[PDB]
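Each chain gets a letter, A, B, C, D, E, F, G and H, in the order it is written, and its residues are counted from 1.
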Amino acid sequence: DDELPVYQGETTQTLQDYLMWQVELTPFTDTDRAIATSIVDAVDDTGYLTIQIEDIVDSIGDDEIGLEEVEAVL
Amino acid sequence: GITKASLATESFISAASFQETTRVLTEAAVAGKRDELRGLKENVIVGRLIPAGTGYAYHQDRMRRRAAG
Amino acid sequence: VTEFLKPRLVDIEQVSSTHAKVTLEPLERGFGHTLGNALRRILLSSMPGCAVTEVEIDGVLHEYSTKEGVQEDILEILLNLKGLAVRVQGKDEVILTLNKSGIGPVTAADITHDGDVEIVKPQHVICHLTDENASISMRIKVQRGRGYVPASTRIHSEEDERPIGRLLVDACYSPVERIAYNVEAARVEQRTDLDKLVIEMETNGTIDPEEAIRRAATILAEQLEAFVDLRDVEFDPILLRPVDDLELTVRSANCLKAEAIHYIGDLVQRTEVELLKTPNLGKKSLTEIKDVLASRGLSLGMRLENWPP
Amino acid sequence: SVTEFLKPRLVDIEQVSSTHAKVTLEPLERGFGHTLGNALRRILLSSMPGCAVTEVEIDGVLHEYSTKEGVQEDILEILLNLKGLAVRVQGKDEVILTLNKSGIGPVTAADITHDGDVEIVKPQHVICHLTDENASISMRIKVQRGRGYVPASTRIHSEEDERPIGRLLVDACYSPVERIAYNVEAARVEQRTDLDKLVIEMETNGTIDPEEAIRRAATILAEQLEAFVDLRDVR
Amino acid sequence: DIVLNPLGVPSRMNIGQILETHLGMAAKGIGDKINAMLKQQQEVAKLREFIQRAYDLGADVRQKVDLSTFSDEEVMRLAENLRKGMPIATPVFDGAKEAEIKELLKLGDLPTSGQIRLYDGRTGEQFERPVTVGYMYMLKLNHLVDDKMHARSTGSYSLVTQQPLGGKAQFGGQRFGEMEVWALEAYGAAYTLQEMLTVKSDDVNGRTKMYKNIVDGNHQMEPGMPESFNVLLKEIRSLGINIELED
Amino acid sequence: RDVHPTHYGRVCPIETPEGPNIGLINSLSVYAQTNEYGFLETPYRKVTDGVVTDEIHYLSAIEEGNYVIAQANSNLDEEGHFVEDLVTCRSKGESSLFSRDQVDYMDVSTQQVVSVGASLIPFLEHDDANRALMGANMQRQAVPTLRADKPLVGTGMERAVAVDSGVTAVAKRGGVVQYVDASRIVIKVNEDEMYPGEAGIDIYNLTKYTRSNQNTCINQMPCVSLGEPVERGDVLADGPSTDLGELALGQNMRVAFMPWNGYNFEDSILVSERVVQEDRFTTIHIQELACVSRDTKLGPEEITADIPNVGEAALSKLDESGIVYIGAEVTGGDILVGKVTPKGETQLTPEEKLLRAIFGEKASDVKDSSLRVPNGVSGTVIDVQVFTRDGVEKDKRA
Amino acid sequence: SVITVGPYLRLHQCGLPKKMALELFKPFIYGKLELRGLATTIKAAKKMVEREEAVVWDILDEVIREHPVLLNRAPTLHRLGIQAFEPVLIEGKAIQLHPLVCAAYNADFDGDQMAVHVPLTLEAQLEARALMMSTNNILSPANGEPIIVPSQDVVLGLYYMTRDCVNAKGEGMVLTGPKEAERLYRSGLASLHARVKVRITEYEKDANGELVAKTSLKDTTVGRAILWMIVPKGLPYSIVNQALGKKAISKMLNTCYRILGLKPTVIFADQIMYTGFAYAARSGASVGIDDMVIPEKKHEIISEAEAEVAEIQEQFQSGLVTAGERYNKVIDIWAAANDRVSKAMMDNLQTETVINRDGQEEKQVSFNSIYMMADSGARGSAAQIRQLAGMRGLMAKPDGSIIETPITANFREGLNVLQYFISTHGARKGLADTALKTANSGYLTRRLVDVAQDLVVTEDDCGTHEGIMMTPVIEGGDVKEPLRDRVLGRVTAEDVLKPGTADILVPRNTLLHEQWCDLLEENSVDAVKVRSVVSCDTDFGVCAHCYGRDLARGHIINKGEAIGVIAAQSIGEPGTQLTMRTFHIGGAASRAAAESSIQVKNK
Amino acid sequence: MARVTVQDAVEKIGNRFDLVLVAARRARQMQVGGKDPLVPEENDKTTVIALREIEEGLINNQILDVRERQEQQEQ
């Protein structure tokens, strides 16, 4: 209900939330924003691991979009 | 007599949020009435401009869309 | 033969160490009040002074602690040191130290004598010692100044942090205290409507009156300068790096030079839809410059502001 | 940084017509706005060399209220018009002028006898409009140098002992400055917020450039204190 | 030390204030006599005489303390203790009369009226009309702005309704309540009202787009639909009523 | 809510919360007491014939209305007869003049109607009652400052409140002062008052700077000198907002009534920089922050020396044990105590073994969990407590 | 944050605490930082404003410039309760609010707190400039009369500047310009006096779209002259020549707004504010117990009344005048005693202060401080003085009765333990009314809003000839509301006729304004037919010729305004101050006059 | 050139609610892009620029319509 501090939530920010916030604010194109959103979920609470690269490239389903595009953006 | 006259408003969204919510919504659910969004509280609660003021211009523009088809 | 008449500083009279009077004899019709008021505001406003600033003491690590066998809190001792009045010669920094032991009051005389440093009241109280076997040792830092400078403001110096146990205190500097004046008829009887200005000063004993007056009027007179003659009526975007060192290999560098692009910025703001169509780029070189410039700048756009060159 | 204080770097001047001027100086130490302004203001109106009309001699009626042979304007108004008349005077302290005008139409300041020392700023100032008829007017205006503003409270009342009647002394406005108003506004330099922006609004009758008047008053006040600066930074 | 506005006092009819000031004035006055006296190194006898003469003033007053009972020091002690003012004490409804206050006050060579000529500090000019000056005894209340000034731009929200959090410390944003909307409607300013309702509270996609355009200098809204409406539609669907939005 | 005529010297008609609980929460009047039956009764002097006997009787509200009671402030003679033949009195729910011989009681003191709160306010007559009503409430929410100034005009009540409130240190069984100091004060008691075979003296430890429930200082500072005789009931220290046994809640200020350039407009208030330099009105504030180190599912938590992913810069203000040195100036998110929380089972694969090899794992699974200062808070560390567990082998600086 | 006063800082501005913006404006700042090139990335920007050094404060200024903020306070009762301003950064933790708007906000400075909000976008900024800035709305869209009106020490200063006094040196000088500043600042003179004859140019609006200069020498005082330097042309000198109290000054900004429009009046206000503060401060106006003057007569009237009531109560002892009638009787005594003691103190504090030119008594209005304060219209009232100097009067028992023995003491002498304890009854009873008043008031506005919101103002003209006939309100005790006040603004249904047959002063339908109301004021017309809402001009909208003046801006209401809500908050805004319920307001006796005989004030 | 009062631009277009629409539609152009000011910039923000151009009589609903038809015809 309302008018009281029910345990509605806090909405805290994790690392992936914050990285995505940081992507929102940078001059990415329409596609590059899709690669960026594609990478930031691959990231872990530990940082370093972006897991496999070629699955990042192949996850997009070809149609062009080389390796170099994900590499720079990455 | 001004509370009677609020509750009796055509738009079921206002007047629901004035006083009596159970009653209101039951008359409306059984009857099947549509809101039309034509007043200021509805517009607020839906989050759109109010038919007044600066937004008044903009509710004519949209109203001319209804008459012209 | 109108001209005017210039007042002269004459008959300084000293009631006590603090209290004094100074009289300015030959003043015109409306000058009494003029110079009286001005002088007052310059006196109370600014005048130079020597205040304690930092006190560090062997007992106590901060201000809220107490030392065993002193009566006072270290707060109260700070406030008594606040009030210590002292003059000094050329040296502005002047650190000084005091030690003592045994039962009884600690006065300002306990301060270890220095040549150029001179205490105006030896009887000013600082603390107390309740029993023998207790000592105090402290080192007081007295510097010259002008207004009221709090402790809290002056920490803007930053740099290295001062060590623990160094207490800082608000410095009040200017000795002048209270200042009145009145103007009264002159007795010269050579010309009537001449009047004279007496000023009564009370100071902590630091300033001599003639030097006080003197300074004040120098400050005022120097302050009128532009009234004597009325006249008349960096930030840059951090990077100029030539595109040559970014290692564009062959094609991309020349394709960037074909647009007569120098450095970075002029290149950095363009939409890829605008850059994509020029001869020789193709889809490959765009991703190449996207990779090279992906590092460092990252930008590939802004509206920026202007240019220095 | 002790004994080092700020001086105004702006000292801008912005003027309406010839005789109205508004100068701003920024910055000033806090507290100096009031100080300098009040002193300058004080001086300008209290004491300042100038010359005005301290007496007027009108033919016929010597009373302060009279018909005055149909001038259409009571002599209060004439004396008042003669009060706002701007005059320059040479070396000599006292000088008396005469004016005679007949015919029809207003009496300007150009009909006054012309002397080498006396300099009239504008003829536009009108003493009287007289009346339409065959009729004349003859009067001797008197000007002397002075300082400040000396009303007809005294102006050497002479205690009714005046031999050649006439008189009807006029309040004499010496100091050639009409309105002075200062004003004190926040200025900021770097991160220090509290400073002083002094504004001087100054309107003068004529005969003296406003800004140059400011200049003068500053030299008078500066000239008073020159006794005292002899000890510190004399040269 | 501190300058306060006469116009308080008639409308509110609290005249304790004024009598406090006057008797305060007169209270400092005696301590100024004694201050000046001890500062001139006067004999103990004369100091005893002026304090005794101070204590015993007034009609009645039931406090009989007199000196000569305590001697040599003890009197110097107290006098140095009262150097800073003499502490006069007026009990609740038997308190001191004006008459006794003027009497006390004449002993301090202060003007009976309790008003004094004061001078302007800037202009140096005397104020026309005298002015009441007086010691009044102030307090500082537990309300401080350090505890009060808040200010947020964008912070954490609530999981349901997705609105900003309640208060400072937690960084509330600031209830914009029904009367406050009424006032905007009344002005007829519907954009300000529309960004309040949405973009800057519960429109999630629109808060983001908003802030990204602001950072970029667009200042354009792109308003959407606030969460909390969606919620309501689920909560009414939770009874056997459908409410759906028909195009 | 309303004042009923029996609240006469029982509750108070002035002290009451001005908020929407109004007349609900009341305050006992000064001389009020209570019966065995739980009823408010209030004292009166007994008047036999037309002389006022000094015997006092406590009357309950039912007992009170039967009788006639005179007025607190009225005239009187050495003999004890009323000066005026018609004396204003109370009877039953009313008041009016009666003859000398009719009234059997009298009010004791004038303080009776008023509560202690308001019994403090000078000139309370001249004040309107509502406005009196605020100020009584405002003296509560004042805040004690560094140096306590005695009020210069006052009611006389301040000694009672101070010493009753029990914030001052009061001397029992008194005598000459053997030893003095800021934190401690001993009294060598007279030979007269003593328990045989205990002998000895009395010691008093004063309380130095201590949070209060409203996060303000409590501080006692000794009044007495040394080598000074003290009797029972004399105050050895002053608590906060106390001067030599008087209640001193604010400061005296030289006030001038006059409008000044609009700066004092409406109900605002302009002050000389003097006041700010001289530090009256400067008030202390002590705030508590606590760190606790506890056992999780994943094993125990340890405090400090050392932390993952944290600079030497941040760690410079800590100790060998990891708590901040007493005396440090702490601002912003400087680390007040550090602490480590272990995570689950990091094992193998070359990268994990590589990070463990390069950095020595840097205690590995532990996290950054520590006592950092709340952002926008400041101040020196006046004291640290550190309560431990039995058999933890705490060592260090504990 | 907390509010302080704004005593420089013109109307459209607002002291905003430096620290507090810098937060509010964060997004904006980062934008600028990225433009100038001081940060290439968002984290850089972020870090520099976190470190908050140097360039950032410099950019803050650049961000804030011309960006309108909006402040809001507490219960928002009417639409004025939120307004929009140009901020000026100021180091401090508190918000400085210009005095003049304190009216609207209903805010003093005792610890009130304001919210602040930041419009974003463009649309919103423009709606703040062209709607909510405080310089758009100076007139209260209920009654229509100005808000902004100077109060409290501004009033006291103007009222002090313009007075007459007897003698006061430099009297009967003749000067021109005046300027006269010369002479007050220089000594030479006293602004309260001299009844100096000064020559003045007028600049009347007599000619259409042109100012004709008229000059003459007038008898007036120095501070009048001095004050005339502010008044912006187009008005008569006669507005500044008079004692110039509170009322006077509302009227003066009213006339200024009406005659010369918005732009010169919003400046003219400012100026008034400043010269008020100025002079009031110079005056040294203070208050001192001698300022409360209890009339010597008071003792005597109270003794006479003690004797009368003694006579009646002895008659009660003799059986006559039973306590039933004796109660009302004794009430009738002490109340008349109240009126007589009051009349004595008012007679003593006014007039007196007799200065001397050669005749020793000219008998001038008093310059007593408390008297000036009430007289000016700044604080307080005659009733409120009577509590300080004459009797307090009859006390209301909390059951709604009157105690037989009133309080005979003013606050200058104190109250008795018994009398204070009686005062208490009514004090607390009245504190506890404001509670109830808040709740019920607001609930009322809630319902009014609720009903009235759908109203819009849509079609421009309707064409209905129905209307309402408009008259004065006359009743016993002459007329409370004159017919011009009722018919002002509005619009005319059918026509109006002169007292002569078939003579019309207005055609068709007309907007009726101050000029037309002067036409109707000079003629004998006692009724005017006027069309109004609720005659249902059009369908949904209430067209603007019904309705017909917006109040606020004095033109006719433009199409597309609310009206709904304005009405509701206009109705409901007041009533916070209302008698509420349970009062008989008798004052004298419960028994009616019983006289059916009529009487007339005039012939 | 900060605008304290909009009245001068309100005489140009009646009903300020209209002004706000036109002001912001004109200011948007300069704000986002693809326009330059018709009036000398005094350092002021774009909003005040727009209101000044309306007060000068250079910009209005009709004028913005004619400019829109001109830009659409030229494109």
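To be clear about the criterion, a contact is a pair of C-beta atoms (placed from the backbone, for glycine too) under 8 Å apart; a residue touches a chain by one contact, two chains touch by 3 or more.
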Worksheet entry | Far-end chain from chain A, centres as C-alpha averages | D
Discussion item. Counting only Cα atoms for the centres, state how far chain B is from chain D in Å.
Written reply: 73
Worksheet item: chain A to chain E: how many Å between their CA centres?
Response: 52
Response to the item:
Separation of the C-alpha centres, chain B versus chain G, in whole Å, is 39
Discussion item. Where in chain H do residues touch two or more of the other chains?
Written reply: 17, 20, 28, 31
Discussion item. I need the residues of chain D touching at least two other chains; which ones are they?
Written reply: 34, 38, 46
Worksheet, complete the sentence: Two or more other chains are touched by the chain F residues 72-73, 110, 123, 125-128, 256-260, 263-268
Item to complete: Mind listing each pair of touching chains for me?
Response: A-C, A-E, A-G, B-E, B-G, B-H, C-D, C-E, C-F, C-G, D-E, D-G, E-F, E-G, E-H, F-G, G-H
Fill in: Of chain E, residues touching chain F in the complex
1-9, 12-21, 23-24, 27-28, 85-95, 118, 127, 131-143
Practice prompt. State the interface residues of chain E toward chain A in the complex, per the touch definition above.
Written response: 156-162, 166, 208, 212, 215
Worksheet item: Can you list the residues on chain A that touch chain G in the complex?
Response: 22, 25-26
Worksheet entry | Sites on chain C touched by chain E in the complex | 33, 36-37, 40-41, 303
Worksheet item: In their shared complex, at which residues does chain E touch chain D?
Response: 122-124
